[PDB]
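Visitor: Dropping the structure in here first, questions after.
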Amino acid sequence: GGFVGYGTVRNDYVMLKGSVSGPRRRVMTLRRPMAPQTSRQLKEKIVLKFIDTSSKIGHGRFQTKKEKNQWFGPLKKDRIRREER
Amino acid sequence: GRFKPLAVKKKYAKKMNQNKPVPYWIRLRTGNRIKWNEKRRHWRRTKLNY
Amino acid sequence: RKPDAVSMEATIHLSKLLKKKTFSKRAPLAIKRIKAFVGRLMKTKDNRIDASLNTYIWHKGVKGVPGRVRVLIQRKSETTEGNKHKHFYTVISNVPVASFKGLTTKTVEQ
Amino acid sequence: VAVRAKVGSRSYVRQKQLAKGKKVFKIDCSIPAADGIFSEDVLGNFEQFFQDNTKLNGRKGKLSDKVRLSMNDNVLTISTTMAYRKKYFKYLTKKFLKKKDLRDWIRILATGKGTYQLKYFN
Amino acid sequence: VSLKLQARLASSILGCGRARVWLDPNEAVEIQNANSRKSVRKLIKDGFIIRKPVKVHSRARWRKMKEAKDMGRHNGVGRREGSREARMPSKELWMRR
RNA sequence: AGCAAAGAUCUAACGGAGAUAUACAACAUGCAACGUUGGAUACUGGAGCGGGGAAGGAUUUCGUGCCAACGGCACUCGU
RNA sequence: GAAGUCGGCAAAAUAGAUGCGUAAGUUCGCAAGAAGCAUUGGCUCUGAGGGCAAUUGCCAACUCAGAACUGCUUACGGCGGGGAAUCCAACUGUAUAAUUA
RNA sequence: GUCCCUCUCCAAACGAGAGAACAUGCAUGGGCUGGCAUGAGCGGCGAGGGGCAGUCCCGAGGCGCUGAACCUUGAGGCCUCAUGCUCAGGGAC
Numbered sequence: 001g002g003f004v005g006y007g008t009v010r011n012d013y014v015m016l017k018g019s020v021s022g023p024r025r026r027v028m029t030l031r032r033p034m035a036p037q038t039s040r041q042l043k044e045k046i047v048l049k050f051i052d053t054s055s056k057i058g059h060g061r062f063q064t065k066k067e068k069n070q071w072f073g074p075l076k077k078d079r080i081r082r083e084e085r
Numbered sequence: 086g087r088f089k090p091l092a093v094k095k096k097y098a099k100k101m102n103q104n105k106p107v108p109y110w111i112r113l114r115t116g117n118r119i120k121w122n123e124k125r126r127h128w129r130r131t132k133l134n135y
Numbered sequence: 136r137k138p139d140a141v142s143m144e145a146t147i148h149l150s151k152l153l154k155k156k157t158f159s160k161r162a163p164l165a166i167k168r169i170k171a172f173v174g175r176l177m178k179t180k181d182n183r184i185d186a187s188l189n190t191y192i193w194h195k196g197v198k199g200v201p202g203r204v205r206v207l208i209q210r211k212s213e214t215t216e217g218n219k220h221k222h223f224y225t226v227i228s229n230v231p232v233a234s235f236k237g238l239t240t241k242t243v244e245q
Numbered sequence: 246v247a248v249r250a251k252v253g254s255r256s257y258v259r260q261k262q263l264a265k266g267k268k269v270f271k272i273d274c275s276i277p278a279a280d281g282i283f284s285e286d287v288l289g290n291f292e293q294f295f296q297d298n299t300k301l302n303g304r305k306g307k308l309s310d311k312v313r314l315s316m317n318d319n320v321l322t323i324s325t326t327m328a329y330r331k332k333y334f335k336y337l338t339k340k341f342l343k344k345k346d347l348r349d350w351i352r353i354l355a356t357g358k359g360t361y362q363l364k365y366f367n
Numbered sequence: 368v369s370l371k372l373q374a375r376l377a378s379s380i381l382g383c384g385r386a387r388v389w390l391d392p393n394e395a396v397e398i399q400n401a402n403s404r405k406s407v408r409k410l411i412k413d414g415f416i417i418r419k420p421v422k423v424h425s426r427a428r429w430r431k432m433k434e435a436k437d438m439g440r441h442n443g444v445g446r447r448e449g450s451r452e453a454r455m456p457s458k459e460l461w462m463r464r
């Protein structure tokens with residue numbers, strides 16, 4: 001169902017830990033870090049296990065549209081559209 | 086109210102007659118001063134207590 | 136250039152225009168929305184609500200106003216005698232319909 | 246009310262019995278039948294309507310003969326050993342006219358103590 | 368024009384108050400030019416001023432509930448809002464015995 | 001400053017000077033507001049913005065005309 | 001969950017009706033609605049409570065209790081928080097209209 | 001060229017701001033996504049009950065069609081997935 005008030009992300013993107021100031025839609029600039037970076041926290045190799053694609057409208061309990069059609073399956077509006085055949 | 090002495094009724098009868106405006110011609114008397122009636126009255130203000 | 140005297144009908148989605156409006160103002164404000172809605176697409180002022188459309192907005196009271204309405208919109212041309220510019224006006228009237236789904240908007244060819 | 250009632254006894258409610266004799270009501274259809282707005286069909290349907298929809302004790306459509314429904318001439322008659330209100334046949338007629346949607350046109354009004362008369366509006 | 372005068376007399380002639388008097392909006396030219404009671408009852412007769420029926424207050428919803436409640440249905444323990452002595456005074460029961 | 005207790009008005013036709021008021025279309029260049037009638041919605045809720053009297057007021061009653069001032073907004077309405 | 005604050009000020013809370021139950025103290029009247037426990041809908045039935053006329057026949061208007069089935073999202077308005085003690089006045093009443101009841 | 005009028009909402013008490021300027025821009029519809037919890041209507045399980053002589057009715061609930069009905073961008077969710085509207089933009093320096 002898209003990012004609320006934004007929509008689908010069509011182009012290449014950065015994914016960035018934590019909040020960024022400003023609302024959705026606003027232009028921002030990422031700049032090469034000025035603060036000196038030597039530390040365990042700030043030098044690490046990030047390896048992601050999972051990324052949450054569930055709907056942000058409501059409580060999304062489904063990760064993909066396929067996971068949803070498995071929990072429901074045939075449905076009254078679906079039993080209809082096949083009669084267009 | 087409905088009650089009234091007749092003596093009191095007349096005093097309001099007179100005061101109803103006196104509220105008429107100043108006649109139009111009486112302005113035209115030669116050497117005339119009176120313009121509008123200065124003794125006129127309205128029950129909403131200055132109540133006769135008769 | 137679509138002619139004068141065109142009659143088209145369409146749904147207004149009222150539930151979105153009245154969201155969070157003070158209850159005592161719903162019905163009276165829903166009419167100013169329809170005159171403003173119809174007014175700008177027909178590009179006239181003096182938009183006139185028939186009893187059929189008025190009573191439909193009020194039939195649930197001032198608070199409850201129906202979420203949608205189909206309206207039939209008839210513009211016509213009337214000017215008083217000595218005016219410089221033409222004067223149009225529209226008659227917005229209700230078209231009672233059971234469902235809404237699927238209806239979109241279409242001009243009645245008259 | 247002496248014996249208390251029951252729901253479930255709302256099927257077959259007793260109706261008071263007219264111990265003296267026959268009672269007879271009339272519905273005079275002459276005027277609209279003349280103009281063709283009625284036809285021999287609708288008069289066959291009008292009698293049938295009362296035959297189907299009059300409810301004798303609790304129930305409708307089954308009238309044993311304590312009440313007889315006759316189309317003689319152009320005027321409908323209802324002869325009844327039971328006690329009915331004449332008001333009630335004015336009811337069924339209006340309820341028939343509203344299926345045919347004749348009711349903006351034909352009105353009924355009591356011409357005589359036992360009869361109604363179909364007519365038209367001014 | 369103001370029909371305020373005719374509507375004052377047609378209400379006093381019909382014995383109805385307003386909310387029941389009906390002045391015909393089409394004939395408003397002919398309702399004005401009734402300046403008097405004799406002239407208004409000529410409008411009431413000619414159908415340009417009508418008394419409307421009373422609005423409906425129907426007692427039937429209450430007739431159904433009466434029957435149900437005569438079988439004992441809706442007076443329970445939870446539907447009693449007042450003291451026993453107030454619903455059926457123990458004095459009226461012993462006078463009856 | 002303010003004109004914020006007593007829920008609330010809406011629509012059409014008619015009235016009215018109060019308009020539909022324009023030096024190469026209509027919105028973008030006559031705004032807002034008034035009365036009556038019909039319709040809609042709502043309040044009072046019989047301890048009533050219901051119908052009659054005392055005290056007090058004394059023509060406010062009633063019909064026609066009328067909008068200068070007056071009814072702290074507006075009147076074409078009005079005590 | 002009173003840590004707030006001079007102080008539980010304000011708010012919350014309690015709540016109808018029916019059944020059981022109810023302390024110290026006491027002028028034996030009360031205390032007392034002390035405290036506390038439980039029941040409540042909807043539906044389809046059953047029992048009890050009468051009048052009149054000549055054991056029998058016909059009829060009105062309501063209330064209470066009991067059962068079976070079925071339901072609760074605990075769901076209008078209205079409507080007590082309660083207990084342990086000290087000071088004072090016995091009580092109801094009056095009383096500084098406009099800072100003191 | 002800027003400002004007003006007009007339309008949008010990352011802005012906003014009013015100004016100001018970000019924007020758009022026949023643009024999937026706006027409108028309605030569809031589909032997503034989500035909330036609620038299975039609509040009206042109709043039809044053959046039900047404590048009991050009533051007629052006529054097993055049937056035909058009265059009856060809260062229940063079961064079937066039914067994760068159905070309804071709502072879903074609006075102070076302003078997604079997808080061009082469709083049609084509709086526009087027909088010389090007006091005015092001011």
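Protein chains in written order, with the working numbering: chain A, 1 to 85; chain B, 86 to 135; chain C, 136 to 245; chain D, 246 to 367; chain E, 368 to 464.
Each residue gets a CB set at the ideal place from its N, CA and C atoms; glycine is no exception.
Taking the alpha carbon of E:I417 as the point to measure from, which residue in E:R447, E:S378, E:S457 and E:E434 has its own alpha carbon closest?
Guide: That would be E:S378, whose Cα lies nearest to the Cα of E:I417.
Visitor: Sorted by chain position, which residues of the same chain lie with C-beta nearer than 7 Å to A:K68's C-beta, five sequence neighbours on each side aside?
Guide: Counting only Cβ-Cβ distances below 7 Å, and skipping sequence neighbours, we find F62.
Visitor: With a threshold of 8 Å, are at least 3 pairs of Cβ atoms found where one atom belongs to the region 345 to 356 of chain D and the other to the region 296 to 306 of chain D?
Guide: With a cut-off of 8 Å, the region 296 to 306 of chain D and the region 345 to 356 of chain D do not count as touching, because too few Cβ pairs lie within range.
Visitor: Just tell me which of C:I227, C:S228 and C:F223 has its CA closest to the CA of C:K180.
Guide: It is C:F223 whose Cα lies nearest to the Cα of C:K180.
Visitor: Would D:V258 pass as an interface residue toward chain E - the criterion being a Cβ-Cβ separation below 8 Å?
Guide: Chain E contact via Cβ: absent.
Visitor: State the DSSP-derived secondary structure class of E:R430, mapped to helix, strand or coil.
Guide: E:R430 falls in the helix class under three-state DSSP.
Visitor: Is the CB-CB distance between C:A165 and C:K211 below 8 Å?
Guide: Their beta carbons are not under 8 Å apart, which means C:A165 does not touch C:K211 by this criterion.
Visitor: To test your reading of the DSSP string, which unbroken beta strand (DSSP E) runs of 3 or more residues are found completely within the region 157 to 237 of chain C?
Guide: Entirely contained in the region 157 to 237 of chain C, the beta strand (DSSP E) runs reaching 3 residues are, in chain order, 182 to 184, 203 to 212 and 223 to 229.
Visitor: Output, in chain order, the set of chain E residues within a Cβ distance shorter than 8 Å of D:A247.
Guide: Under the 8 Å cutoff, chain E gives no residues; its nearest Cβ is about 12 Å from D:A247.
Visitor: Does DSSP put D:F270 in a helix, in a strand, or in coil?
Guide: Strand.
Visitor: Could you work out which residues of chain D lie near E:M438, taking near to mean beta carbons separated by less than 9 Å?
Guide: Per Cβ cutoff of 9 Å: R249, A250, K251 and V252.
Visitor: For D:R330, tell me which candidate among D:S254, D:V269 and D:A250 has the shortest Cα-Cα distance.
Guide: It is D:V269 whose Cα lies nearest to the Cα of D:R330.
Visitor: Which ranges does the alpha helix (DSSP H) cover as unbroken runs of at least 4 residues, wholly within the region 18 to 64 of chain A, from first to last along the chain?
Guide: For the region 18 to 64 of chain A, not a single whole alpha helix (DSSP H) run of length 4 or above is found.
Visitor: Please determine, among C:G217, C:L176 and C:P201, the residue with the shortest C-alpha to C-alpha distance to C:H148.
Guide: The option with the nearest alpha carbon to C:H148 is C:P201.
Visitor: According to DSSP, simplified to helix, strand and coil, what is E:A395?
Guide: Reduced to three states, the DSSP call for E:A395 is helix.
Visitor: Nearest-angstrom Cα distance between D:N319 and D:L308?
Guide: Approximately 22 Å, taken between the alpha carbons.
Visitor: With H, G and I counted as helix, E and B as strand and the rest as coil, what does DSSP make of E:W389?
Guide: Strand at E:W389.
Visitor: Tell me which residue opens and which closes the alpha helix (DSSP H) that B:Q103 is part of.
Guide: Counting along the chain, B:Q103 falls outside any alpha helix (DSSP H), and DSSP gives it neither H nor E.
Visitor: Out of E:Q373, E:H424, E:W429 and E:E394, which one is the CA nearest neighbour of E:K405?
Guide: Of the candidates E:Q373, E:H424, E:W429 and E:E394, the one whose C-alpha sits nearest the C-alpha of E:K405 is E:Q373.
Visitor: Express the C-alpha separation of C:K195 and C:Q209 in angstroms, rounding to a whole number.
Guide: In a straight line, the C-alpha of C:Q209 is about 26 Å away from that of C:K195.
Visitor: Grab me the residues of C:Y191's own chain with a C-beta within less than 6 Å of its C-beta, minus the 5 sequence neighbours each way, in chain order.
Guide: These residues qualify, in order along the chain: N229.
Visitor: For D:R348, which residues from the same chain have a beta carbon less than 6 Å from its beta carbon, with the 5 sequence-adjacent residues on both sides left out?
Guide: Only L342 meet the Cβ criterion.
Visitor: Which value, in whole angstroms, describes the spacing of the CA atoms of C:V204 and A:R24?
Guide: Going from the Cα of C:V204 to the Cα of A:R24 covers about 34 Å.
Visitor: Among the residues of its own chain, which have a CB less than 7 Å from the CB of C:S159, if the five just before and after it don't count?
Guide: Hits under 7 Å: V197.
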